[PDB]
Amino acid sequence: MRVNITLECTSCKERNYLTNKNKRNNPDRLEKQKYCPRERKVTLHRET
Amino acid sequence: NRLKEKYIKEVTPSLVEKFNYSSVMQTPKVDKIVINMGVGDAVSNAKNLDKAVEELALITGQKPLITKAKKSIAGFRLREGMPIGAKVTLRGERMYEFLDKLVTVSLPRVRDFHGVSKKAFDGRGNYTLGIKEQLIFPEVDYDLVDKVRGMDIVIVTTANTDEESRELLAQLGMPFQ
Amino acid sequence: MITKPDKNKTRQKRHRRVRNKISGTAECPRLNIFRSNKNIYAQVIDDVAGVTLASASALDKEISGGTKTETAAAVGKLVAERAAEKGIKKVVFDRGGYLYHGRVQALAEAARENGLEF
Amino acid sequence: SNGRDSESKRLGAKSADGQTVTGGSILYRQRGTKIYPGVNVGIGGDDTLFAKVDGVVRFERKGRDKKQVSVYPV
Amino acid sequence: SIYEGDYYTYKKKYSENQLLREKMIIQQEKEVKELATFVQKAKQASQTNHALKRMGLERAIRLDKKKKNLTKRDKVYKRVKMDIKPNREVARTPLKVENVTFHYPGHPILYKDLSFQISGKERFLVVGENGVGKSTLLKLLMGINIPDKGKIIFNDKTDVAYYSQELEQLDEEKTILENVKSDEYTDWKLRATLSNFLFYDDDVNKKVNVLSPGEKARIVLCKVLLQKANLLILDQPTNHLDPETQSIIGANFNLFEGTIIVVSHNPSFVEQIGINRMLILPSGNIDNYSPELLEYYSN
Amino acid sequence: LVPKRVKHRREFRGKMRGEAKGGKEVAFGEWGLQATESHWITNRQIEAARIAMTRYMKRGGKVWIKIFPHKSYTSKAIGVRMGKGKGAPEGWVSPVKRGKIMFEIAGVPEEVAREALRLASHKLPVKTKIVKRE
Amino acid sequence: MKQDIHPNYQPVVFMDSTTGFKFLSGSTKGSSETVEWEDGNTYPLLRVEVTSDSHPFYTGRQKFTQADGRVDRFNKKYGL
RNA sequence: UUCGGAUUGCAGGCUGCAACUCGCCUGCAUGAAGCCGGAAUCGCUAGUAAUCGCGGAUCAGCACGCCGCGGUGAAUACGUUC
RNA sequence: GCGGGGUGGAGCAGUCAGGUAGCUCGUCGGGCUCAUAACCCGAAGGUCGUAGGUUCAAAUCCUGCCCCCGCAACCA
RNA sequence: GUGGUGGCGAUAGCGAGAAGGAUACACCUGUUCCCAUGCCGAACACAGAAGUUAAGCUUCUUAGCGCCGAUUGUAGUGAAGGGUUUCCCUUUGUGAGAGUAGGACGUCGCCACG
RNA sequence: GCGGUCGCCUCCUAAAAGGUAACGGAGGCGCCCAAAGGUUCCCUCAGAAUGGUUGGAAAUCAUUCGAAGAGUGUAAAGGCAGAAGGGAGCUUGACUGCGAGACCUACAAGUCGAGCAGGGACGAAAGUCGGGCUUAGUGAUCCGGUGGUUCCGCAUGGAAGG
RNA sequence: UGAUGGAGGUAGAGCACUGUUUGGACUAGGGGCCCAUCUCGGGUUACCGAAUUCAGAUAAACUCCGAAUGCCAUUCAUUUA
Ligand SMILES: [K+]
Ligand SMILES: [K+]
Ligand SMILES: [K+]
Ligand SMILES: [K+]
Ligand SMILES: [K+]
Ligand SMILES: [K+]
Ligand SMILES: [K+]
Ligand SMILES: [K+]
Ligand SMILES: [K+]
Ligand SMILES: [K+]
Ligand SMILES: [Mg+2]
Ligand SMILES: [Mg+2]
Ligand SMILES: [Mg+2]
Ligand SMILES: [Mg+2]
Ligand SMILES: [Mg+2]
Ligand SMILES: [Mg+2]
Ligand SMILES: [Mg+2]
Ligand SMILES: [Mg+2]
Ligand SMILES: [Mg+2]
Ligand SMILES: [Mg+2]
Ligand SMILES: [Mg+2]
Ligand SMILES: [Mg+2]
Ligand SMILES: [Zn+2]
C-alpha cells in the first residue's frame, strides 16, 4: 500500500515536503535530511 | 609447497624437453583449482546447503562463495537468486597443498578406487574430477555428515592441449584409468 | 588453456570513459598519467590543439629514484614546476583509468603541493 | 476492440542547420538519443536537444553511424 | 463497544448483533443476485427483442447501485490450529526421578528425597500453591537447576519440550520468524505454522519486543510444537491466552499422543487435558488424579 | 497452402504495380510458368494448378511452387452494413505481379512439360506463358 | 586474504603408516601429536594408513589374488 | 538388541544310478519381516487347558503333519436372559 | 459475442477471505450369512482442466489457452 | 626504433602467418607495507627486478572475411501529357538498392626516451 | 435500436519535416521503487560447444566461441554495451527561491531549459545531482479538512470569520 | 525561383534483424520392423526429421540500404509585393 505522506521539519514543525512511500516496505515513519526553507538549513524531517 | 617443488624441479624440465618448448614461458602449469559443490537440496532445506558449505570450508581451508541461481527454474522448484551451489577457488600455495592432499590421501580412500578417468577434459587442456562422495577428505570426520554428497573439482592449467594437461597432471601424480 | 586479459587494455577501457568527461583545453590542460610496471609518466596536454604542453617521468634522470611511490612524488613535483614555467597553473587531472589510490595519488598530491591548482 | 491512440508529440528538428538561435532554444525533440548533443548543446530530461548559448546550429555526423548537433557562436 | 452487564450479557448481545447483521447481508445478496440474474437473461436475449434489451440496461443501473451499497461481511477472526505430534514413541519409563533433594542456596530445602517415575503417554500434574517449588522442579528436570541430591534420568526414547512460566525463551531483539528459526524447518514451513498461530504475512517480521504477552505465548507454544517431542513439560500454558485460545490449547493437548508434565492453576485447562496422576507439593504425594485434587487444595 | 502462423490476423489488401521483385527466372526446374499479368492468386487456385500439373505428369519428375499465399483477406457476410470494424479473415492469397515464375517442373520431356503447364495455366486467373531454363 | 572468515589452517606433516613416506602439507584438522622436520621445525603430524605410495595402484603391484576360476576349483576339488 | 532366524554366498555330510528342475542335515557367511496383532474368529471344566520333550507308521533318502507316550501344571463355572 | 463449469470412478465441498485436499456414493480386499442383500473392518483411487505470473507459500489470486453446457448472431 | 597521447567514417577491423625487445612496454617474483576479493595478492593495491619473448604489445606479409566503392543500365519519382485507367505508356529532369571495375592490411599530429 | 466507445501512453495507417480521419489494424495506463533515486568506483551480456556427483534438455562449476542475438520495474516505439545494463560504498538533489530562452498550443493547460542565489550529497579533483533510458500512472473551478502565516479584523481591544 | 546546408526512413530495393516461406544437402533426434531384452546395441524405410548449410522468395505494423519530391534555414542571389 503506497500512500502520499508529508515530511515535517522536526525543528520548526513546518510541513515542508510532500512525498510518498509504500507502508509495507517502510512500516515506520520516514526520516530524511532535507533543506528547511523557513530555517534555511538542512534539518531532519520526519513523516507526520 | 612440496608439490610446487616437485613441479619446478622435475616436471618443468620434463615437459620442456618432451614438447620442445622454445622458451620456458611455454611450460604448462596449474593455474587454479575451482572446487564446485552443486546443491539443489538447498531448495528443500537451506540447512543442507549450510552443512555442505561447512564441510567444504573444512576441506578447503577457505570460506566458500555461495553461488546463486542466475535464472528461475520451475522444473527444480528453483527461484532466481536462490543460494544453490557453492564453490572455492584455490591459487598458489593453497592450490598446490590441496592438490597434493587429493592425490595422496583423498583419492585412495575412495571405495574400490581404480583411479580417475582419463577422458574428462574440456578439450583445451583443463581437467575436472567428479567426486561421487565426501568422507574421503580427512577433515569430514565421517560422522557429522547427515547427508553424503560429492563435488566437482576443476583443474585449470595453461596447457593448450589435453595431452599436455594429462601428462602434466600425471607427472604431478594422477591415477588415471 | 586460460587467457589473462591485457591489463593495459582494461585500463584503456576505463580510460575512455574517464576521458568522456575529462578533457584538456589551452587554459585548463589535461594532466594525463601513464603507469608502467617500472615507471610512471605524466603529461600536460591540450586536447583542442593535441599538443603536450609539459612532460615529466621517471626517466628524466633528475629524479633520484627510490620506491616507485617516491618516484611518483618526484615526477609530480617535476611536472608541476615545468608546467608552471610554461605558464600553466590550473589543470584537470586524468587518472588514465587507474585507481586514484597509490602511485597516482602520490603523484597527484606532489603536483598539487608544487603548484598545479586542481 | 481497437480505436485508441495517443496524441502526437510533435517530435523532430525544431531548428534548421545554419540557423541562428538564442541560448536555450530547443533544437530537436526525440525519444532517446536519436541525435547526440554536441558543442554548446545540452540534452534535456526527456532527451530534447537545446542550445546552451547563442549561435548557429550544425548537424554533423558523430563517427560512422551517429548524428550530432552543435551550436557555434559567431 | 461498551455493554452494560456481565461477560455473558456481552456475549448474548454480541452474538445477536452479528446474527442480525448476517441476515441483513444475506438479503442484500439475494436482491443483487436477482437483478444479476435478470441482467444476464437480457444480455443473452436476441438483439431483436428491443424491450427486453431496454429493461436489461435499466436493471443494470439498479444492479450497479445495489452493488455499491452492499455491506461487506466482516471476516470472522480465525482461531488457532494446533497439531502436536511426537516424532518418536514414548517408553514405559520416560522420566526417572529418584531421591532428589534441592534447595536454593540460603533457603529451606524445597523437597527431600523426591522420587517419582512417569509411565509414558501419561498426563502428570505437578500440583501446589504459589512459591512452593513447582517451577523449580520443572527447571530441575530440564537441567536449569542441578539437583543437590539424587538423580534424574530420561530414557533415550524421550524427547522433551519445555514451556517456561515467565516467557524467558524469546529474544526480544529479534523478530518472530528469527525466534522460530530452526535447522529442521524450511521457510515456508515456518510461515505456514506461524499462520496457524495467527501470524499472517509481515506479522512475522515484527520484533518480539513489541508483541503483547499473549502473542508471545503463541510463539513459545509454536516452538514447543515444532520440536515434536514426546514429553511436554508445560508450566502454566494457558496464562496470557485469550479464553478462546485456552480451550483450543486444552483440547489439542488432550489428544496429544505423548507424556505431559503440566502445571496449571486453571481448573478448566486441567479438566480438558484429563490428568492421570497428580504430584502434590510441598507434601510429596504421587496420587491418581481425581476431584480429590480439591481435597489437597483445601488441605 | 496456409501459413503455419501469422504476425497479424488482418492485413492491408495492398497494391500491385510493376514487375515482380524477384523470381523472374527459372531456378530449379527445367521449365516454368511465367505470369504476364498481375493478380491475386488464392491457395485454392495454387492447389488446383499443382494437382492438374502432377496428374498429367504421372508423378514423373519434380514440381516447385515458387509462390506462396502469405497474405490474408477478409470479408463481410451478406446483410452486414458498413462499419463496426474489419471483417474476419476468409482466405489466403499471393500477390503475383507480372514476370513471376509461379511454377517450375523438371524430369520430363518438353512436350509433356508444355502440356502440363498449359493445364495449370487454365486453372489460374492470370494470363501466362511458358519459359525454359537458361 | 580476509581475516576471521576462513576456517583455521596450519601446516602439518604426513607420514605413510605402511611405509613411513613423509610429506608436509597444510590442513584444517589439528593433530595432537607433533613431529620435527628438516629445517628443525615442529608441526602437527597426521599419520596416514593409505597414501599414494601405500595404495597398490600407485605402486603397480596389486595385493589381491584375483580369485580362482571354477575350472581350477573343480580340478582341485576332484584331483583332476 | 547377545531378541529374531527368514533370505542369500561359500564349503561339507549323507541316501541313492542319480539332490538342477527337486531331499534332509551341518559349518562359516547374512541377519529379513516381526515390538503381541482390525472387523471377527478357535479349544478347553482337571492331571484338563496351557506348556515341555520322547517313541512310532509310512520310509533308500525326506514331517512344523498323524498316532501314542510321559514331565510341569492352572484360571473359572455367578447363572440359562441372549 | 453473453454467461456458466472443469478437484479421486461419479456427484460435490474447499475458492470469496493464500498455508490443511476432503465428503457421499461407488470400487478392491477381508469379515458376517446356508448364499445374496443390508451391515462391520481395512485399502486404494486426485498433485485441483491445461500453460504461464503474484507470493515465503496458489485448488484458492492474476493471464492466456483447451474443453463441456446454455444463449444470441438482426430488428419496420 | 620504441613508449605515451590524440584527430580523421574500419580504406584505421578481423582472420592467418612471420620477426623483436637496445631502451621502452610486457609478462615475471612476492604479500612486510597502504589497499582487496560478496572465496582466491586471479583481479585491484603495494614492494621488487631472477628469468622470457612463450603470450600480450610493436613491426611485417597476407584480399580469406569485414570495410569503402566509380561508371553503365534499371526500379522509383518531380513536372508536362496520353491510354482501353484496380493499371499502363510518352517527353522532360532526377535517379537509387543490387551487381560490379576497383580501393584498401590506414593516415595526419604532439611529447619522451633512442 | 442491441453490441462497442468516451480521458491518457506506444506503434501502423501517415503518402522519408510536422500534423492528418474512419464503429481502421494492434497493444498498454489509473501504477511501482526508500532504491528500482543521487554520486564515486568497478563490471559486461544471451546463448552454443567441451568437460564434469547428486543432476536429468535444463540447477551449480570451468575453458572456448560469442557485438548483442541479453537486460533495460511496467505496453509499444525510439535509445542505450564509452552504457541508460550489472555490483558495491556513502548518501537523500525524489532540494528551496526562481528562471534568459525555447517547443506545443483556440483557451485552459502541457513540455524542455542553460543560468543565478541559498544550503547540501558523492568525489581527491573535474565535476554530477531540481527523481527513475525516454514517452502514460491523471481531474478545472466551487466547497470543505489540516498545517503555517510580520495579512485583514465593520466605533476601539479582542474575537468571530476571512 | 536558383544556389548552398541540413532534418527525416516513404517509393524502390534488400534479406544484415524479426516474422512468413520453397527446394536441395546433412543430421541431432522421433518413429514402427526384427535380433537383444536387463530393452538392451544394431540395421532399416530415399519413414518423419530439429538446428546448420546451399539455393530461392516475401512483409502496413521487417530494414544492411534508400530516392524523386516536400520541409526547415541562410544578413545569399534574381524577380516580385
Ligand atoms: K489463364
Ligand atoms: K533335490
Ligand atoms: K496372531
Ligand atoms: K524315515
Ligand atoms: K603479481
Ligand atoms: K611476445
Ligand atoms: K584490412
Ligand atoms: K548506489
Ligand atoms: K531475412
Ligand atoms: K515499408
Ligand atoms: Mg503517436
Ligand atoms: Mg524524468
Ligand atoms: Mg512457578
Ligand atoms: Mg523388542
Ligand atoms: Mg464337558
Ligand atoms: Mg502330556
Ligand atoms: Mg550503389
Ligand atoms: Mg510527408
Ligand atoms: Mg511525418
Ligand atoms: Mg535502471
Ligand atoms: Mg472591531
Ligand atoms: Mg515496397
Ligand atoms: Zn524547519
# chains A, B, ... in the order shown; residues from 1 in each chain; ligands from 1
$ residues_around --residues "residue 60 of chain D" --least-positions-apart "6" --cutoff "10 Å" --atoms "only C-alpha atoms (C1' of nucleotides)" --output "list in words"
residues 17, 35, 36, 38, 66, 67, 68, 69 and 70 of chain D; 6 of chain L
$ select_by_dssp --residues "segment 73-106 of chain B" --states "helix (DSSP H, G or I)" --output "PyMOL selection string"
chain B and resi 92-106
$ write_last_selection --atoms "C-alpha atoms" --output "compact mmCIF listing (two decimals), in the first residue's frame"
# COMPACT_ATOMS: atom_id res chain seq x y z
CA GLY B 92 49.27 -20.70 -5.40
CA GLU B 93 50.28 -22.41 -2.19
CA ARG B 94 46.78 -23.41 -1.13
CA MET B 95 46.13 -24.76 -4.63
CA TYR B 96 49.25 -26.92 -4.51
CA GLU B 97 48.58 -28.15 -0.98
CA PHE B 98 45.02 -29.24 -1.74
CA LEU B 99 46.01 -30.97 -4.96
CA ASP B 100 48.81 -32.80 -3.16
CA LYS B 101 46.45 -33.91 -0.40
CA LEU B 102 43.91 -35.00 -3.01
CA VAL B 103 46.50 -37.09 -4.86
CA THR B 104 47.95 -38.74 -1.77
CA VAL B 105 45.23 -39.13 0.85
CA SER B 106 41.81 -38.29 -0.61
$ residues_around --residues "residue 32 of chain B" --least-positions-apart "5" --cutoff "6 Å" --atoms "only C-alpha atoms (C1' of nucleotides)" --output "mmCIF file with C-alpha atoms, in the first residue's frame"
data_model
loop_
_atom_site.group_PDB
_atom_site.id
_atom_site.type_symbol
_atom_site.label_atom_id
_atom_site.label_comp_id
_atom_site.auth_asym_id
_atom_site.auth_seq_id
_atom_site.Cartn_x
_atom_site.Cartn_y
_atom_site.Cartn_z
ATOM 1 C CA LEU B 90 42.438 -22.069 -4.641
ATOM 2 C CA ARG B 91 45.570 -20.486 -6.087
ATOM 3 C CA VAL B 156 42.585 -25.158 -14.861
#
$ residues_near_ligand --ligand "ligand 21" --cutoff "9 Å" --atoms "only C-alpha atoms (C1' of nucleotides) and all ligand atoms" --output "PyMOL selection string"
chain K and resi 153-159
$ residues_around --residues "residue 26 of chain C" --least-positions-apart "3" --cutoff "12 Å" --atoms "only C-alpha atoms (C1' of nucleotides)" --output "list in words"
residues 23, 29, 30, 31, 44, 45, 46, 47, 48, 49, 50, 51, 52, 53, 54, 86, 87, 88, 89, 90, 91 and 92 of chain C
$ interface_residues --of "chain D" --to "chain F" --cutoff "12 Å" --atoms "only C-alpha atoms" --output "NGL selection string"
:D and (1-3)
$ write_last_selection --atoms "C-alpha atoms" --output "short mmCIF file (atom, residue, chain, number, x, y, z; two decimals), in the first residue's frame"
data_model
loop_
_atom_site.label_atom_id
_atom_site.label_comp_id
_atom_site.auth_asym_id
_atom_site.auth_seq_id
_atom_site.Cartn_x
_atom_site.Cartn_y
_atom_site.Cartn_z
CA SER D 1 -11.52 -3.68 -29.75
CA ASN D 2 -9.32 -1.10 -31.46
CA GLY D 3 -9.80 2.65 -31.79
#
$ residues_near_ligand --ligand "ligand 12" --cutoff "10 Å" --atoms "only C-alpha atoms (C1' of nucleotides) and all ligand atoms" --output "MDAnalysis selection string"
(chainID D and resid 44:47) or (chainID K and resid 131:135)
$ residues_near_ligand --ligand "ligand 8" --cutoff "12 Å" --atoms "only C-alpha atoms (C1' of nucleotides) and all ligand atoms" --output "list in words"
residues 35, 36, 37, 38, 39, 40, 41, 42, 86, 87, 88, 89, 90, 91, 92 and 122 of chain K
$ interface_residues --of "chain J" --to "chain C" --cutoff "12 Å" --atoms "only C-alpha atoms (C1' of nucleotides)" --output "ChimeraX atom specification"
/J:3-7,23-28,33-35,42-49,55-57,108-113
$ atom_distance --atom1 "atom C1' of residue 32 of chain K" --atom2 "atom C1' of residue 7 of chain K"
21.6 Å
$ residues_around --residues "residue 37 of chain B" --least-positions-apart "6" --cutoff "6 Å" --atoms "only C-alpha atoms (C1' of nucleotides)" --output "compact mmCIF listing (two decimals) with N, CA and C atoms, in the first residue's frame"
# COMPACT_ATOMS: atom_id res chain seq x y z
N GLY B 85 24.27 -24.18 -4.58
CA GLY B 85 25.61 -24.43 -5.06
C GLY B 85 26.64 -23.51 -4.42
N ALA B 86 27.80 -24.05 -4.10
CA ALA B 86 28.90 -23.27 -3.55
C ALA B 86 30.17 -23.62 -4.31
N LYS B 87 31.21 -22.82 -4.11
CA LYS B 87 32.49 -23.08 -4.73
C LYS B 87 33.60 -22.45 -3.91
N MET B 151 31.07 -33.62 -5.33
CA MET B 151 31.56 -32.32 -5.75
C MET B 151 32.18 -32.48 -7.13
$ interface_residues --of "chain D" --to "chain L" --cutoff "10 Å" --atoms "only C-alpha atoms (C1' of nucleotides)" --output "list in words"
residues 12, 13, 14, 15, 16, 17, 18, 19, 20, 28, 57, 58, 59 and 60 of chain D
$ write_last_selection --atoms "N, CA, C and O atoms" --output "short mmCIF file (atom, residue, chain, number, x, y, z; two decimals), in the first residue's frame"
data_model
loop_
_atom_site.label_atom_id
_atom_site.label_comp_id
_atom_site.auth_asym_id
_atom_site.auth_seq_id
_atom_site.Cartn_x
_atom_site.Cartn_y
_atom_site.Cartn_z
N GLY D 12 10.89 15.84 -33.66
CA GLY D 12 11.68 16.19 -34.81
C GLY D 12 12.54 17.41 -34.56
O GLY D 12 12.68 17.89 -33.43
N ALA D 13 13.14 17.90 -35.64
CA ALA D 13 14.02 19.05 -35.55
C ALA D 13 13.22 20.34 -35.53
O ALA D 13 12.37 20.56 -36.39
N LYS D 14 13.50 21.19 -34.54
CA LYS D 14 12.81 22.46 -34.38
C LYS D 14 13.63 23.64 -34.86
O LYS D 14 13.11 24.76 -34.89
N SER D 15 14.90 23.43 -35.21
CA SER D 15 15.73 24.48 -35.76
C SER D 15 16.48 23.93 -36.96
O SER D 15 16.83 22.75 -37.00
N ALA D 16 16.72 24.79 -37.94
CA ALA D 16 17.39 24.39 -39.16
C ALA D 16 18.90 24.49 -39.01
O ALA D 16 19.42 25.32 -38.27
N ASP D 17 19.60 23.62 -39.73
CA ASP D 17 21.04 23.71 -39.79
C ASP D 17 21.44 25.04 -40.41
O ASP D 17 20.90 25.45 -41.44
N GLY D 18 22.39 25.73 -39.78
CA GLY D 18 22.79 27.04 -40.23
C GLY D 18 21.92 28.17 -39.74
O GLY D 18 22.13 29.31 -40.15
N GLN D 19 20.95 27.89 -38.88
CA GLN D 19 20.09 28.91 -38.32
C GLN D 19 20.68 29.46 -37.03
O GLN D 19 21.34 28.74 -36.27
N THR D 20 20.45 30.74 -36.79
CA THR D 20 20.91 31.39 -35.58
C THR D 20 19.81 31.33 -34.52
O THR D 20 18.68 31.75 -34.78
N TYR D 28 15.95 19.90 -31.14
CA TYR D 28 15.49 18.60 -31.61
C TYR D 28 14.74 17.90 -30.49
O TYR D 28 15.29 17.72 -29.40
N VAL D 57 23.27 26.66 -35.67
CA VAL D 57 23.03 25.24 -35.46
C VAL D 57 23.68 24.44 -36.59
O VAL D 57 23.56 24.80 -37.76
N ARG D 58 24.37 23.37 -36.22
CA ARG D 58 25.01 22.49 -37.19
C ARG D 58 24.73 21.05 -36.81
O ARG D 58 25.00 20.64 -35.68
N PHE D 59 24.19 20.28 -37.75
CA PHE D 59 24.02 18.84 -37.59
C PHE D 59 25.18 18.14 -38.28
O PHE D 59 25.24 18.10 -39.51
N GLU D 60 26.09 17.59 -37.49
CA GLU D 60 27.19 16.80 -38.01
C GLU D 60 26.90 15.32 -37.79
O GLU D 60 25.92 14.95 -37.15
#
$ residues_near_ligand --ligand "ligand 1" --cutoff "6 Å" --atoms "only C-alpha atoms (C1' of nucleotides) and all ligand atoms" --output "PyMOL selection string"
chain F and resi 121-122+124-127
$ write_last_selection --atoms "C-alpha atoms" --output "PDB file, in the first residue's frame"
ATOM      1  CA  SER F 121      -2.435 -22.049 -66.601  1.00  0.00           C
ATOM      2  CA  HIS F 122      -6.089 -22.652 -67.431  1.00  0.00           C
ATOM      3  CA  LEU F 124      -5.021 -19.892 -62.771  1.00  0.00           C
ATOM      4  CA  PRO F 125      -6.686 -16.482 -63.191  1.00  0.00           C
ATOM      5  CA  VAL F 126      -3.689 -14.743 -64.785  1.00  0.00           C
ATOM      6  CA  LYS F 127      -2.527 -14.889 -68.375  1.00  0.00           C
TER       7      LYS F 127
END
$ residues_around --residues "segment 65-82 of chain H" --least-positions-apart "2" --cutoff "12 Å" --atoms "only C-alpha atoms (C1' of nucleotides)" --output "PyMOL selection string"
chain H and resi 44-58+63
$ residues_near_ligand --ligand "ligand 7" --cutoff "9 Å" --atoms "only C-alpha atoms (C1' of nucleotides) and all ligand atoms" --output "ChimeraX atom specification"
/J:10-14,63,66-67,104-106
$ residues_near_ligand --ligand "ligand 5" --cutoff "8 Å" --atoms "only C-alpha atoms (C1' of nucleotides) and all ligand atoms" --output "PyMOL selection string"
chain J and resi 28-30+41
$ closest_atom_pairs --of "chain L" --to "segment 6-10 of chain F" --cutoff "12 Å" --atoms "only C-alpha atoms (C1' of nucleotides)" --output "Markdown table"
| residue | atom | partner | partner_atom | distance |
| --- | --- | --- | --- | --- |
| L:18 | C1' | F:7 | CA | 10.2 |
| L:19 | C1' | F:7 | CA | 6.2 |
| L:20 | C1' | F:6 | CA | 6.8 |
| L:21 | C1' | F:6 | CA | 11.7 |
| L:59 | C1' | F:7 | CA | 10.1 |
| L:60 | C1' | F:8 | CA | 10.5 |
| L:61 | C1' | F:8 | CA | 8.5 |
| L:62 | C1' | F:7 | CA | 11.3 |
$ write_last_selection --atoms "N, CA and C atoms (P, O5', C5', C4', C3', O3' and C1' of nucleotides)" --output "PDB file, in the first residue's frame"
ATOM      1  P     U L  18      16.839 -12.740 -36.141  1.00  0.00           P
ATOM      2  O5'   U L  18      15.311 -12.347 -35.998  1.00  0.00           O
ATOM      3  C5'   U L  18      14.894 -11.458 -34.980  1.00  0.00           C
ATOM      4  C4'   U L  18      13.461 -11.058 -35.173  1.00  0.00           C
ATOM      5  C3'   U L  18      12.558 -12.136 -35.738  1.00  0.00           C
ATOM      6  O3'   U L  18      12.115 -13.043 -34.750  1.00  0.00           O
ATOM      7  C1'   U L  18      12.198 -10.114 -36.901  1.00  0.00           C
ATOM      8  P     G L  19      11.499 -14.454 -35.189  1.00  0.00           P
ATOM      9  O5'   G L  19      10.013 -14.087 -35.596  1.00  0.00           O
ATOM     10  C5'   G L  19       9.296 -14.912 -36.491  1.00  0.00           C
ATOM     11  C4'   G L  19       8.181 -14.149 -37.151  1.00  0.00           C
ATOM     12  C3'   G L  19       7.552 -14.832 -38.344  1.00  0.00           C
ATOM     13  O3'   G L  19       6.608 -15.810 -37.965  1.00  0.00           O
ATOM     14  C1'   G L  19       8.047 -12.597 -38.898  1.00  0.00           C
ATOM     15  P     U L  20       6.861 -17.345 -38.345  1.00  0.00           P
ATOM     16  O5'   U L  20       6.258 -17.456 -39.807  1.00  0.00           O
ATOM     17  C5'   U L  20       4.992 -16.892 -40.091  1.00  0.00           C
ATOM     18  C4'   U L  20       4.806 -16.674 -41.565  1.00  0.00           C
ATOM     19  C3'   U L  20       5.321 -17.773 -42.465  1.00  0.00           C
ATOM     20  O3'   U L  20       4.460 -18.893 -42.523  1.00  0.00           O
ATOM     21  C1'   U L  20       6.010 -15.691 -43.312  1.00  0.00           C
ATOM     22  P     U L  21       5.092 -20.366 -42.542  1.00  0.00           P
ATOM     23  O5'   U L  21       5.875 -20.425 -43.921  1.00  0.00           O
ATOM     24  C5'   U L  21       5.215 -20.102 -45.129  1.00  0.00           C
ATOM     25  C4'   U L  21       6.169 -20.061 -46.292  1.00  0.00           C
ATOM     26  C3'   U L  21       7.075 -21.261 -46.470  1.00  0.00           C
ATOM     27  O3'   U L  21       6.414 -22.377 -47.031  1.00  0.00           O
ATOM     28  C1'   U L  21       8.305 -19.273 -46.813  1.00  0.00           C
ATOM     29  P     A L  59       6.912  -8.182 -50.843  1.00  0.00           P
ATOM     30  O5'   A L  59       6.493  -7.778 -49.370  1.00  0.00           O
ATOM     31  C5'   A L  59       5.192  -8.067 -48.896  1.00  0.00           C
ATOM     32  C4'   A L  59       5.053  -7.711 -47.444  1.00  0.00           C
ATOM     33  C3'   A L  59       5.724  -6.421 -47.021  1.00  0.00           C
ATOM     34  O3'   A L  59       4.952  -5.283 -47.349  1.00  0.00           O
ATOM     35  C1'   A L  59       6.260  -8.124 -45.484  1.00  0.00           C
ATOM     36  P     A L  60       5.615  -3.826 -47.339  1.00  0.00           P
ATOM     37  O5'   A L  60       5.045  -3.172 -46.010  1.00  0.00           O
ATOM     38  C5'   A L  60       3.652  -3.177 -45.744  1.00  0.00           C
ATOM     39  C4'   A L  60       3.306  -2.203 -44.652  1.00  0.00           C
ATOM     40  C3'   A L  60       3.604  -2.662 -43.239  1.00  0.00           C
ATOM     41  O3'   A L  60       4.954  -2.429 -42.890  1.00  0.00           O
ATOM     42  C1'   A L  60       1.456  -1.637 -43.352  1.00  0.00           C
ATOM     43  P     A L  61       5.848  -3.598 -42.266  1.00  0.00           P
ATOM     44  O5'   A L  61       5.602  -3.487 -40.703  1.00  0.00           O
ATOM     45  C5'   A L  61       5.882  -2.288 -40.004  1.00  0.00           C
ATOM     46  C4'   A L  61       5.097  -2.218 -38.726  1.00  0.00           C
ATOM     47  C3'   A L  61       5.068  -3.492 -37.902  1.00  0.00           C
ATOM     48  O3'   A L  61       6.227  -3.661 -37.108  1.00  0.00           O
ATOM     49  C1'   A L  61       2.883  -2.628 -38.090  1.00  0.00           C
ATOM     50  P     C L  62       6.960  -5.085 -37.037  1.00  0.00           P
ATOM     51  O5'   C L  62       8.408  -4.808 -37.624  1.00  0.00           O
ATOM     52  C5'   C L  62       8.634  -4.749 -39.021  1.00  0.00           C
ATOM     53  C4'   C L  62       9.949  -5.388 -39.380  1.00  0.00           C
ATOM     54  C3'   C L  62      11.061  -4.441 -39.788  1.00  0.00           C
ATOM     55  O3'   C L  62      11.721  -3.882 -38.666  1.00  0.00           O
ATOM     56  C1'   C L  62      10.940  -6.249 -41.315  1.00  0.00           C
TER      57        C L  62
END
